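Here is how names work: the chains are called A, B, and so on, in the same order as the sequence lines, proteins then strands, and each is numbered from 1.
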Amino acid sequence: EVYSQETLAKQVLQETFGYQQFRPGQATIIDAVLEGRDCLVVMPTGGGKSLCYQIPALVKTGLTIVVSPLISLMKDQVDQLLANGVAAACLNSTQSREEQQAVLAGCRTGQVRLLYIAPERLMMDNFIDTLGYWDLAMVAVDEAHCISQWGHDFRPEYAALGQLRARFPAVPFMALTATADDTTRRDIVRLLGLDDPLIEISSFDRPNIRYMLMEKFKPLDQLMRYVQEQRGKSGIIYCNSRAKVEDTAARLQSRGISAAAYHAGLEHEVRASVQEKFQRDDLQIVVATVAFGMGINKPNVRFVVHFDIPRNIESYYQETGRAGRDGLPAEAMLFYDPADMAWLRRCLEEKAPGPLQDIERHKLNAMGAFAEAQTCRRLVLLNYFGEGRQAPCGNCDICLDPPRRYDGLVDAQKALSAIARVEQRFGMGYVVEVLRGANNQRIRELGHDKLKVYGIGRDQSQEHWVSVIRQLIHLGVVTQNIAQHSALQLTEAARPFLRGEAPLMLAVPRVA
DNA sequence: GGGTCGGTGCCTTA
Ligand SMILES: [Zn+2]
């Protein structure tokens with residue numbers, strides 16, 4: 001029968017949307033849902049995510065409920081559908097009671113064909129009761145990765161949508177998202193109760209995006225230099241904390257660079273104005289927390305900067321994926337400091353042990369492995385998402401500037417010697433002063449001139465040496481014990497490196 | 001030389 005349903009779908013594709021043909025995989029997804037099967041759609045490339053549920057919604061007789069994470073997303077999606085003559089509506093707190101009653105009346109009557117709604121509203125026990133007295137044709141959960149990303153802590157009603165799926169077993173369910181690795185895919189199936197879903201995964205390759213990493217040495221200065229080299233094209237700078245995004249914004253506005261902070265601490269209409277100025281290109285740069293995310297419709301973001309490393313590869317992929325949507329060259333730049341990773345691990349140890357923390361820890365660890373990789377950045381991303389590839393890309397920082405290594409036994413002995421010289425007590429900021437024998441008070445107030453480690457490594461610049469110590473921490477030769485003021489202690493692997501018995505190769509740092 | 005670093009959003013009708 002399959003041919004009959006697709007022709008009805010093809011007609012909707014042409015009549016209400018004006019498009020000519022289905023693109024590869026669109027037909028197979030729409031076919032599946034039109035014959036009653038559940039579906040999980042992971043579409044990082046393709047741009048036809050919304051059509052995958054909106055077209056079967058218009059072919060099926062009955063109501064389609066679209067679960068949506070953001071009020072602004074609901075409104076934008078409803079607006080586009082009404083512009084196409086489709087009877088779409090949404091429900092949210094910003095409406096009046098009279099407005100909501102009219103939406104619900106249209107739902108009972110069937111005037112409304114697609115209803116956009118947040119999980120917190122839909123999962124109310126009495127609301128689900130009134131659903132039974134409608135003609136429900138399909139449920140589609142947009143940005144379904146929220147089920148897993150938020151359903152366990154931030155917004156628990158995202159994990160309750162399975163209760164809805166169990167209440168209406170004969171109504172097909174769709175989960176659709178742009179970013180999801182294997183763990184997230186199975187979690188969506190599990191928490192949503194999809195019954196043997198068709199799983200369709202498109203490619204994660206964005207050839208026009210250039211993945212770049214720079215080691216954080218003087219962060220603000222490097223961030224200043226990178227932006228001033230962008231010569232006024234649009235971009236986003238992500239940081240962790242609201243305080244940081246507010247500070248950095250003011251520093252760039254101190255130069256005359258068009259830049260504005262964005263975070264959830266700002267009143268909402270401020271958020272709408274910054275998002276709108278940015279999108280109409282009257283604002284060059286947005287400094288932002290993760291709050292600046294879903295629903296940003298801007299085709300010409302030319303750079304996305306991560307001033308702080310994200311928590312997992314999915315977040316990094318989704319965030320860098322906002323760049324170069326027009327297909328023209330764009331750049332992703334990550335300012336990496338291993339200290340930011342250890343800060344992220346603390347935040348994780350701060351939470352309850354168990355399987356959820358085990359996964360968050362592995363996701364974090366994989367992100368740190370992406371940052372530390374001495375191989376094509378694109379090969380790490382693609383394979384992490386299960387898309388097998390071995391050919392390096394030629395458009396990452398590893399491919400364009402291959403790593404170069406030098407014998408570090410000399411420099412690492414000079415460093416490993418000077419860190420034992422303090423008896424495990426100084427931090428990295430202290431220890432690197434003695435290796436370049438700069439003149440200051442505690443190198444005499446404690447008496448740290450009468451060591452031959454003082455003034456031994458002025459030969460090379462400051463970035464070179466703290467890079468060495470970071471490399472030794474990564475190899476397990478030095479620890480950073482933050483339980484005693486970030487002092488560098490020495491481990492048991494340190495021994496053969498001071499003796500010169502073990503060979504050692506170190507990479508030069510990432511610098512522009 | 002400076003994060004002393006968390007951060008994401010629905011929904012309120014006793
Ligand atoms: Zn590459």
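- For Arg242(A) and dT8(B), the shortest distance from a side-chain N or O to OP1 or OP2 is below 4.0 Å.
- Between the base of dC5(B) and the side chain of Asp340(A) there is a donor-acceptor pair shorter than 3.5 Å.
- Note that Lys363(A) lies outside the cation-pi zone of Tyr384(A), set by a 6.0 Å cut-off to the ring centre and a 45° limit from the axis.
- With rounding to whole Å, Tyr158(A) atom OH is found 17 Å from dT8(B) atom P.
- When the nucleotides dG3(B), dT13(B), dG7(B) are ranked by their closest atom to the side chain of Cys239(A), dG3(B) comes out on top.
- Summarising the geometry, the separation between CE on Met341(A) and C1' on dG6(B) is reported as 15 Å, rounded to the nearest angstrom.
- Taking only side-chain atoms of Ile71(A), from C-beta outward, the nucleotide of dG9(B), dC11(B), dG3(B) with the closest atom is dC11(B).
- The gap from the P atom of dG7(B) to that of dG3(B) amounts to 15 Å, rounded to the nearest Å.
- For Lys218(A), a side-chain nitrogen or oxygen approaches OP1 or OP2 of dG1(B) to under 4.0 Å.
- For the OP1/OP2 pair of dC11(B) and a distance below 4.0 Å, the side-chain nitrogens and oxygens of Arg121(A) include at least one atom meeting the criterion.
- Nucleotides of DNA chain B nearest to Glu120(A) and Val245(A) differ in position, and the one nearer the 5' end is that of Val245(A).
- Rounded to an integer number of Å, the gap from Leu348(A) CG to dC5(B) P is 16 Å.
- Taking the ring centroids of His464(A) and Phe217(A), they lie at or beyond the 6.0 Å cut-off.
- For an aromatic pair to be called close, the ring centres must be under 6.0 Å apart, and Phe385(A) with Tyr317(A) satisfies this.
- Checking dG9(B), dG3(B), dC10(B) against every side-chain atom of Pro219(A), the shortest atom distance belongs to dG3(B).
- Under the 6.0 Å cut-off for aromatic ring centres, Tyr316(A) and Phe370(A) qualify, their centroids lying closer than that.
- Side chain to side chain, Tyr336(A) and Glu372(A) meet the donor-acceptor criterion of an N or O pair below 3.5 Å.
- Side chain of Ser202(A) to backbone of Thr45(A): a donor-acceptor contact under 3.5 angstrom is found.
- Between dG6(B) and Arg345(A), no contact under 4.0 Å exists linking OP1 or OP2 to a side-chain N or O.
- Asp153(A) has its CG atom 14 Å from the P atom of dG9(B), to the nearest Å.
- Annotation: side chain of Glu349(A) is in contact with side chain of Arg361(A) (closest heavy-atom distance under 4.5 Å).
- The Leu220(A) side chain lies nearest to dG2(B) when the options are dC11(B), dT8(B), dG2(B).
- Residue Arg271(A) is in sugar-phosphate contact alone, with no base atom involved, counting any heavy-atom pair closer than 4.0 Å across all strands shown.
- Put simply, the side chain of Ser241(A) and the base of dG7(B) share no donor and acceptor less than 3.5 Å apart.
- Taking only distance into account, the side chain of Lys216(A) never meets the base of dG2(B) through a donor-acceptor pair shorter than 3.5 Å.
- Nearest-nucleotide assignment on DNA chain B puts the 5′-proximal partner with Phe217(A), out of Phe217(A) and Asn240(A).
- The separation between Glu246(A) atom CD and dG6(B) atom P is 15 Å, rounded to whole Å.
- On a pure distance criterion of 3.5 Å, no polar donor-acceptor pair joins the side chain of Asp247(A) and the base of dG3(B).
- Under the 90° criterion around 0 for the glycosidic angle, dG7(B) counts as anti.
- Nearest nucleotide to the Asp308(A) side chain, out of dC5(B), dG3(B), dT8(B): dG3(B).
- The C1'-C2'-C3'-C4' torsion of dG9(B) is negative, so its sugar falls on the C2'-endo, or south, side.
- Looking at heavy-atom distances under 4.0 Å, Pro119(A) makes no contact with the nucleic acid at all.
- Within the 4.0 angstrom heavy-atom criterion, no nucleotide atom of any strand lies near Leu344(A).
- Rounded to an integer number of Å, the gap from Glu157(A) CD to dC11(B) P is 12 Å.
- Here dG3(B) is the nucleotide among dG3(B), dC5(B), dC11(B) with the atom lying nearest to any side-chain atom of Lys244(A).
- Residue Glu433(A) is out of contact with every strand shown, counting any heavy-atom pair closer than 4.0 Å.
- With distances taken from any side-chain atom of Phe154(A) to the nucleotides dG9(B), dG3(B), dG6(B), the minimum falls on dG9(B).
- The nearest whole Å value for the distance from the NE2 atom in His152(A) to the P atom in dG7(B) is 22 Å.
- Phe292(A) and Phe278(A) have perpendicular rings, their planes meeting at more than 60° on a 0 to 90° scale where under 30° would count as parallel.
- The shortest distance between the side-chain N/O atoms of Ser93(A) and the OP1/OP2 oxygens of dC11(B) is below 4.0 Å.
- Note on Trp150(A): every side-chain N or O is 4.0 Å or more away from OP1 and OP2 of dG9(B).
- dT13(B) atom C1' lies 16 Å from atom CG of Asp125(A), rounded to whole Å.
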